[PDB]
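Descriptive analysis of the structure
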Amino acid sequence: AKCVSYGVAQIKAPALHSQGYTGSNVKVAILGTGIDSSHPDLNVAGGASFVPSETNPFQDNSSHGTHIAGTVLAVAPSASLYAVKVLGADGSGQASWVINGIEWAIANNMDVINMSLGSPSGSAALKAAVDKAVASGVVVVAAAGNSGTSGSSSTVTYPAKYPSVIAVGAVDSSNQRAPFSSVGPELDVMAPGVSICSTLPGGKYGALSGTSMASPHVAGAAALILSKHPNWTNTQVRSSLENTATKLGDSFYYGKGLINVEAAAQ
Amino acid sequence: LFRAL
Ligand code: NA
Ligand code: NA
């Protein structure tokens, strides 16, 4: 990755890189606003758009998909990226579009799905789609939400709120929970999500913040893990990440804590 | 709606 970001080191990805593991032969679907395939540092292997007003998945008129894609590659430089456009330029999309993108990912034999997106409500159909993906062997990772806290209530968004999906909250460089990061018993793990520098459309770079930024660290970590252990099931990859996380505090706020890909891939 | 986080 051409923009330096602390998050890669924080999750202990360089340790895998030094072992020789970079996520080769792992197909990662980036479900979001598209990916700018013209960026010189991003190669996109395939994709599809489900946003009727924005028909090209290989451009990104938001910036977030491009950024996220870059973070997956910063963590897993050999991963194969697929651009699955389910949100428009303003970051919004319809439930059905998301589901369409999930279906696409299952049909095209994705290894990992990253969903840096959320709604305060889901649907039985969305639950069925993610549960089908998990039954099919896909590692399914989602941003936990940017709804902060709500007393004792969970503020984790869908689809992260569904049990079959790995729900990823955001910490800063000091492992403190970001003020925006959603909370609740559905949180699984945390990853860097504050001022993360990555690729932007038009050959640019810059920092963004959000649980959107934390999710691709975990998607990239899953790619690293699968490169070292291509026979592990999605269940085993998930267990590896959760069981070896660095505990940070109360699980309502932090889940199992910060992912440690070095430990997870042992 | 779903939204980018
Ligand atoms: Na390119
Ligand atoms: Na979940």
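Residues numbered from 1 in each chain as written, not as in the entry; some residues may be left out. Chains lettered and ligands numbered in written order. Heavy atoms only, no water. Residues with missing side-chain atoms left out of burial classes, pairs and counts.

The record lists X-ray crystallography as the method behind this PDB entry and 1.6000 Å as its resolution.

**Considering the interface of chain A and chain B**
Residue-level contacts link 26 residues of chain A with five residues of chain B. For the pair chain A and chain B, the summed buried area comes to about 1100 Å², and 62% of that belongs to carbon and sulfur atoms. Counting the contacts that link chain A with chain B gives zero salt bridges. Run the count over chain A and chain B and you get eight residue pairs in polar contact. Mapped by element, the contributors of at least two residues to the side of chain A that touches chain B are β4 (92-93), α4 (95-107), β6 (117-118) and α6 (211-228) of chain A. Across two bridges, the pairing between β4(A) and strand β1 (residues 2-4) of chain B is antiparallel. Residue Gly93(A) lies in a different strand from β1(B), and its bridge partner there is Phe2(B). (Contact = heavy atoms within 4.5 Å. Buried area = accessible area lost by both parts, 1.4 Å probe. Salt bridge = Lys/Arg side-chain N within 4 Å of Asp/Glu carboxyl O. Polar contact = N/O pair within 3.5 Å; in protein donor to acceptor, adjacent residues only side chain to side chain. Helix = DSSP H or I, 4+ residues; strand = E, 2+ residues; numbered from the N terminus. Pairing = 2+ DSSP bridges.)

**What about the environment of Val44(A)?**
Residue and element names in this part refer to chain A. Note that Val44 resides in strand β2 (residues 44-49). On a C-alpha basis, the gap between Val44 and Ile113 in space is 15 Å, while along the polypeptide they are 69 residues apart. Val44 has contacts with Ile35, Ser37, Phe58, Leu81, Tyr82 and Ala83, leaving out every residue within four places of it along the chain.

**Some points on the pairing of strand β5 (residues 112-115) of chain A**
Residues and elements named next belong to chain A. Side chains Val112 and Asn114 project from β5 onto one buried face, and the interleaved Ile113 and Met115 project onto a second face that is buried too. Sheet topology note: the strand β1 (residues 27-32)/β5 ladder contains four bridges and is parallel. Considered in β5, the bridge of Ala29 is made with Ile113. As judged from the four bridges shared by β5 and strand β7 (residues 139-143), these two strands associate in the parallel manner. (Buried < 20%, exposed > 50% of the residue type's maximum accessible area, 1.4 Å probe, protein only.)

**A word on the coordination of the sodium ion (ligand 2)**
Think of it this way: four donors in a tetrahedron around the metal ideally sit 109.5 degrees apart, and six in an octahedron ideally sit 90 or 180 degrees apart. Residue and element names in this part refer to chain A. Within the protein, the sodium ion (ligand 2) binds to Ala160 (O), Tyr162 (O) and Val165 (O); these donor distances fall in the range 2.3 Å. Written as a sequence motif, the donor arrangement for the sodium ion (ligand 2) is A-x1-Y-x2-V. On the basis of relative accessibility, which here comes to 7%, the residue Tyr162 falls in the buried class. (Donors = N, O, S within 2.8 Å, 3.2 Å for Na, K, Ca; no water.)

**So, empty space enclosed by the protein**
Of the volumes computed, that of the largest cavity is approximately 60 Å³. Surrounding the largest cavity, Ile30(A), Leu31(A), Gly32(A), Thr33(A), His64(A), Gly65(A), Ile68(A), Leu87(A), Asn114(A), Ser116(A) and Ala4(B) form its lining. A breakdown of the residues in the lining of the largest cavity according to their chemical character gives five nonpolar, six polar and no charged. (1 Å grid on protein atoms, 1.4 Å probe; cavity = no way out; pocket = protein on both sides within 12 Å on 5 of 7 lines; lining within 4 Å. Points joined across faces, edges and corners; volume = space filled by probe spheres on them. Nonpolar A, V, L, I, M, F, W, Y, C, P; charged D, E, K, R; others polar.)

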